[PDB]
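Here we start with a single chain on its own, the form deposited in one PDB entry, put down as structure tokens.
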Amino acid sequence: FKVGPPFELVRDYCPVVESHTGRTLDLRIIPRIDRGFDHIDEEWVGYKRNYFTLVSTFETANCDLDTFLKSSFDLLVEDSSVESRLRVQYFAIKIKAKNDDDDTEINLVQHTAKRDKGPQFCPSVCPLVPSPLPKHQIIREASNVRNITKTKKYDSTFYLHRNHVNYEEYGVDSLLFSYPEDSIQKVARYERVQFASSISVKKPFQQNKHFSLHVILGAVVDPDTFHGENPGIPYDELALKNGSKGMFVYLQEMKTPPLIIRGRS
């Protein structure tokens, strides 16, 4: 959006249809970097100690939340005129940073709030239900105030409480039940993020290199629900609720233009 670098589609990995009907579910990642990068002299510039904020949601233009939660979805995988269907357990977002020049990925590390004691931690894959991306100033409020997204005014904006949904209207095969927890986020929020240079390399490292932030929308599928372990599509491992090996299969991916980290040495 106006704020932060723009995002472009990298690739759509595979269709996702509603199970009962076979109809295509429209998917669109809605990302925005609300702090950390701005343009100066034709360049998107960030700085070492100015940790950035990246947020994202995803939307289903052709399906409301209610319906979305009551339906079932499969990934359409095709290999040699042979189409298979993998059942979706839930949807989630993952972020990654890359060396825009040589595909090599660079680590992303988050820092806990200033007043909040706590060591740095790795960004998480975030289970999400369809939602519009709140505007910059709302995201800002969230980032600067503890538990504000949990107040009555913002709760419905940032969460879907499964334990508050009227079950009886849902089928036993509804997507809502296959999600990891009752508290499901509507917005994937990664605040106070920094690019972490490899510990194998010395300083400086980020200087003069172009980086790119990637936002990945995926569907976690259970290898036990199909024959074999190969979905036939790019994916990352992700333990399921019962610690069973699950599979974050890629659906859509987006990235920012080249990003530069500036400072002094």
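Take the two forms, superpose them, and find the largest set of C-alpha atoms that agree within 1.5 Å; that set is the rigid core. Numbering starts at 1 and follows the sequence shown.
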Query raised in the report: Would 170-178 or 186-194 have the larger average of its C-alpha temperature factors, as given in the entry?
Result: 170-178
Query - Mean C-alpha B-factor comparison - 141-149 and 99-107, higher one - result: 99-107
Query raised in the report: From 67, 60, 57, 207, pick the one with the largest CA B-factor in the entry?
Result: 207
Report summary line: The residue of 211, 37, 235, 51 with the maximal C-alpha B-factor according to the PDB record is 235
Requested in this report: Could you tell me which third, lowest, middle or highest, the C-alpha B-factor of residue 86 occupies within its chain?
Outcome: middle
**Report entry** Assigned third (lowest, middle, highest) for the C-alpha B factor of residue 263
**Finding:** highest
Query raised in the report: Going by the entry, which third of its chain does the Cα temperature factor of residue 31 land in?
Result: lowest
Requested in this report: Divide the modelled residues of the chain into thirds by Cα B-factor and specify which third, lowest, middle or highest, holds residue 155.
Outcome: lowest
Query raised in the report: Based on the entry's values, in what third of the chain does the Cα temperature factor of residue 71 lie: lowest, middle or highest?
Result: middle
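The form deposited in another entry is left out here; the points below concern that form.
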Report summary line: Shift test between the shown form and the other one (rigid core reference, C-alpha, 2 Å or more cutoff) over 161, 85, 150, 136 hits only 150
Report summary line: Shown form as baseline, in the other entry, CA residue 148-residue 160 shift of 3 Å or more puts them closer
Query raised in the report: Hey, the CA atoms of residue 148 and residue 180 end up closer or farther in the other entry than in the shown form, with the change being 3 Å or more?
Result: closer
